[PDB]
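Reviewing the structure listed below.
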Amino acid sequence: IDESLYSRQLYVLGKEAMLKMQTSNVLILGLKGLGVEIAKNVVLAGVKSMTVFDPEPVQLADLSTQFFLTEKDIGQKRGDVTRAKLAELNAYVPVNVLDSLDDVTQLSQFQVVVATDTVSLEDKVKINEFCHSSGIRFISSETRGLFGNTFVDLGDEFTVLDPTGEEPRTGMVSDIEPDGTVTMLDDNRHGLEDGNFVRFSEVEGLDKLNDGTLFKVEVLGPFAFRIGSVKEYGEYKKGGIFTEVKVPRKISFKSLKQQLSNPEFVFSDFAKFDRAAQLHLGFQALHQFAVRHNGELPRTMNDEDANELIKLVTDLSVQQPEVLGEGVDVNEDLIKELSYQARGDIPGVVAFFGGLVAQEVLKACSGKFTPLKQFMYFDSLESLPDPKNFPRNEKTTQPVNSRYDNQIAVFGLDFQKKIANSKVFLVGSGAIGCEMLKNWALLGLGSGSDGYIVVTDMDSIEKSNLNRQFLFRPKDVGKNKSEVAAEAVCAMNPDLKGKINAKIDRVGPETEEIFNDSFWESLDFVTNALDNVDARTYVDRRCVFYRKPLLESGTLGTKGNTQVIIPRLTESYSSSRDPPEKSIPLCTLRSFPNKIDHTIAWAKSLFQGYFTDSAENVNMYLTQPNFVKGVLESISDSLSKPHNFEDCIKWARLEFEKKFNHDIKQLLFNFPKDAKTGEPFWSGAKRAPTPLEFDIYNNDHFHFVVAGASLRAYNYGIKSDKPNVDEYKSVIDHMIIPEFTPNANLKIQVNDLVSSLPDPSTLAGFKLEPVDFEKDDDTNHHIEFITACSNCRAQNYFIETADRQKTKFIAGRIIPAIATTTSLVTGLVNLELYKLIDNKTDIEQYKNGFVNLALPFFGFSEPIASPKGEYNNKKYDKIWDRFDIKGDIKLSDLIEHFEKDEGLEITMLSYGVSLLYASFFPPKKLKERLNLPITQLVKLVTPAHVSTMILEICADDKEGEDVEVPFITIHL
Amino acid sequence: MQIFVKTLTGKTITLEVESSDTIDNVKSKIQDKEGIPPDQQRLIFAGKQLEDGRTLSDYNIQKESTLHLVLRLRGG
Ligand SMILES: *NS(=O)(=O)OC[C@H]1C[C@@H](Nc2ccnc3cc(-c4cccc(SC(F)(F)F)c4)nn23)[C@H](O)[C@@H]1O
């Protein structure tokens, strides 16, 4: 498994799943937008081979969602044209065309068969039956306008090896009673659920309990669970770690034929659970209609065909009585919209199912995650504009011989033209950005004479990006993300030539001169495509300030979300909080690690100190007269100095001794293995360490020295560069290793001289080269050092060692990421975007989305309305309103204005972190303050680009009492 | 009555509640069971996000109903 390509995805799927996918041959039937989208995500993910079958000729209307088709491809076979472009996505994945599927027996070569919207229901049934009865995994999906479905049949016996992909739960135990009641140490939560399984280690007094045996969990509150009787195992003394184990689950799927009569549903939207059974008949009725009308779907917006489809569904509910159940009528209005939209081909919907179905493919190859069982239906009918604004009829939704015809089919020509005339800002050109830009290419968004796209990203393209940022190729590595992405989508849709402004600027407080008042005011809306919470907060504050709609989204492995922020309507992104990152106690890091996370963070800090901070501090000391407690000692060590690589080896060997032998002996001097508080000192989170005796045959000991030496050599400009054990031995064997001598006067925290330095005169021209941490270059020794260093400390404290991949995950702070979730959430964003185009003011039409493809789970919620407030019986919006003040006002006038116009006594006035005025200030301070313009007042407490100043205020109302009030904007 | 809360990780939580309980009170019960402070909880049911100051019955939450505890994700 090529870690350098598959890095981020490996953290989602794991090595075993990806090994299994790499043995899997996948066939996709149909390469309209849906098939190409599934194929893109599957090829990127990495299977053994991809085969596509679509001998149908390319027509112009296919380009609605098929981003690998161009106008020059018209007349040629969809398969043939698409094959070459798919092949480019992943060089490890062979892409073949199947020329004909005359013999259903050809399917025997494949592990997974996907039937898309080019396959008739009749044929799907025949293909599924062959697949089911042969042990071939079958998946189908079809999209029809704003509607879509998927069906999964993984055969009679399918094994799920990991249902969720979540990290197994672990925890420290303080007691196990003879009935099997396990008590957690202190206030540690086990996080377990009834029916989970755990294994045990280090449970003293119960010996065989620790052999890898699994125990069923009965949860008794958040700090206790029961495993059943342990009398026979012995009697509990002390210690213990539980580890959660995921057991395999055998599951049975029914064939498509059986599932047509008695379907099993997963819901996409619980607000719409009733529609699933309705659409199940609807989708079947569409195929029956096509049978009766020589392969034709219902005519667009046609009332006559809609009535036929309604009659077809009504008739089918009789033949399939278990679908709707007793006393439930045909939802005629719903079926009517399905008929009306049947020919539609909508990017957002194609992307939603493309992502979802591709994930189902990966599950079918690997046994990783819980498969969809077995049908899912989706609609996004809220995306439809108000018919008052954009009427839908046979005239307005007619083909105009255009790539957008199957979008016009749903929305009408005028709405399509409004999409084209949107001015949009996209912040980020990575995974979400690429999927966004593709979607926008397919929409022709910003291609009209009044429209444009601004996309910005400061970052360049790297190898690990290519697994999920599909607009980029290996040739593009090193180039700018935004610029490359812009060019790629213009090649997809020439309508966007001259309409995308690809910028390389980083959005933040430092680029407000570029992204100024004028820039934001011109925009219709903003879309986030970010990987950082602060970046999102920054953009959200700008959209609040300029009153612009914001489309927000995010992913983490199989998990994803979308949020819509609407001026004067909803709360914004910053209005609510997400869990903060958990902070490790300093004493746990310093002296008492019990998890690999602790040893990794310690190793990374050590890496920083040794090879970055040390070098920087020396360089500053030698060039800066001003320079002059821990810092001082590092400078002297750095300067009292290797002349060759051998000296670097010696240094690292001595560091080994210091960190993993001497310091440990010092800690044990302070707190002997036997020490007591009643209870032992070394218990629970405190694990009695053992000093390491350097053994070059131990991989961690060896690589600590190799990497430490190579990094020290880099600091001092010594030529470095597999490492040979005997070569390193020929240095280390001759070394005298100083004995440990205990410092009696050293205090160790349990719970959370100067003229020795050499004269910079004597070392002129001397400079250290500081290391810049680079997690994605496997030749620089960085991860090698952090892994080895962490592992030696893990050895000290009897913590299980980790490999390079896990260490890189934690030390590199890598976000797990995969194309499937990215394309799915981006689809959902684009279904909301339609609502922005129609300027919807009904909050109940909008949907914030929440997904986890592992489960699979789909859920939506209406956005929260902006909280409203009052002062002196005047109502205001707590998110959207502000006090706009014209001109560089004098403080006294500002105070006067608020008393006269608002009935507010300003009690406090601030600009950023600076306090400018308070009602408790004394006359002397007030005199130097009251008569100054705000800029001068700010100057007194502390730029030409600046046109506005944001001020915060506390205030009392007319009846004297404190009152929450909005911010002030001073317009300069 | 019994209701269920499913997290985005697949975990099911069982709560004993009354129709007239506030959303604030359900969140307090979730905090006891899971440790998540009420301000960090996003509960969704039948197309709505549950807000403080309203009751379960306001959202037509019935016996054996499932609520979803959901999250916002930072990657992209
Ligand atoms: N999910 S991904 O595949 O990794 O792709 C994510 C994109 C997002 C790009 N980042 C990016 C693009 C444009 N502007 C900014 C600004 C920031 C940023 C980040 C942290 C702090 C701050 S200062 C603050 F918070 F705004 F006040 C700004 N990141 N930006 C990535 O380059 C990647 O391509």
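Any value given below was found using the heavy atoms of this structure, including those in side chains, with hydrogens, waters and symmetry copies removed. Naming convention: chains lettered A, B, ... in sequence-line order (proteins, then strands); numbering from 1 in each chain.
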Can A:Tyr714 and A:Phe611 be said to form a ring pair (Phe, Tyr, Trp, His ring centres under 6.0 Å), step by step?
CA-CA 9 Å; A:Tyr714 184 95; A:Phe611 313 116; 9.6 Å; no
Check whether the side chains of A:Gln666 and A:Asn670 place a donor and an acceptor atom closer than 3.5 Å, and report yes or no.
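The answer is yes; a qualifying pair exists.
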Heavy atoms, side chains only, cut-off 4.5 Å: are A:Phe669 and A:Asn743 in contact?
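No, their side chains stay 4.5 Å or more apart.
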Is the shortest side-chain heavy-atom distance between A:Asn796 and A:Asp663 below 4.5 Å?
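No. Closest side-chain heavy atoms not under 4.5 Å.
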Does a sphere of radius 6.0 Å around CG in A:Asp772 hold more than 12 heavy atoms from other residues, nucleotides or ligands, not counting ones at 6.0 Å or beyond?
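No - once you tally the heavy atoms of other residues, nucleotides and ligands closer than 6.0 Å, there are 12 at most.
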Can the ring centroids of A:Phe215 and A:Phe242 be said to lie less than 6.0 angstrom from one another?
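For A:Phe215 and A:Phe242, the ring centres are not under 6.0 Å apart.
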With respect to A:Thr807, which candidate in A:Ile600, A:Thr599, A:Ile596 satisfies the side-chain contact (heavy atoms from CB on, under 4.5 Å) definition?
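By the side-chain contact (heavy atoms from CB on, under 4.5 Å) criterion, A:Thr807 pairs with just one of A:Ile600, A:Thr599, A:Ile596: A:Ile600.
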In this structure, which one of A:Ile241, A:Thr243, A:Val245, A:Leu192 forms a side-chain contact (heavy atoms from CB on, under 4.5 Å) with A:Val198?
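Looking at A:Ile241, A:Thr243, A:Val245, A:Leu192, the match for A:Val198 under the side-chain contact (heavy atoms from CB on, under 4.5 Å) is A:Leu192.
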Does the pair [X]/[Y] count as a salt bridge with the N-to-O cut at 4.0 Å?
{"X": "A:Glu244", "Y": "A:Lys246", "value": "yes"}
{"X": "B:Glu34", "Y": "B:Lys11", "value": "yes"}
{"X": "A:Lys463", "Y": "A:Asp776", "value": "no"}
{"X": "A:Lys808", "Y": "A:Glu3", "value": "yes"}
{"X": "A:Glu202", "Y": "A:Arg687", "value": "yes"}
{"X": "A:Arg169", "Y": "A:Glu193", "value": "no"}

Distance to the ring centre below 6.0 angstrom and angle to the axis at most 45 degrees; does that hold for A:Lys659 and A:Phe704?
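Because its charged atom misses either the 6.0 Å distance or the 45° angle limit, A:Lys659 does not stack over A:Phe704.
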Within 45 degrees of the ring normal and closer than 6.0 Å to the centroid, is that where the cationic atom of A:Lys686 sits relative to A:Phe681?
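Yes, cation above the ring, under 6.0 Å and within 45°.
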For the backbone of A:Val771 and the side chain of A:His782, can you confirm whether one donor and one acceptor N or O come within less than 3.5 Å of each other?
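Judged by distance alone, no pair lies under 3.5 Å.
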Main-chain N/O of A:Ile732 paired with A:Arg653 side-chain donor or acceptor, under 3.5 Å
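It does not hold such a pair.
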Taking the inter-plane angle between the rings of A:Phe809 and A:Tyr11 on a 0 to 90° scale, is it parallel (under 30°), tilted (30 to 60°) or perpendicular (over 60°)?
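The arrangement is tilted - the two ring planes meet at 30° to 60°.
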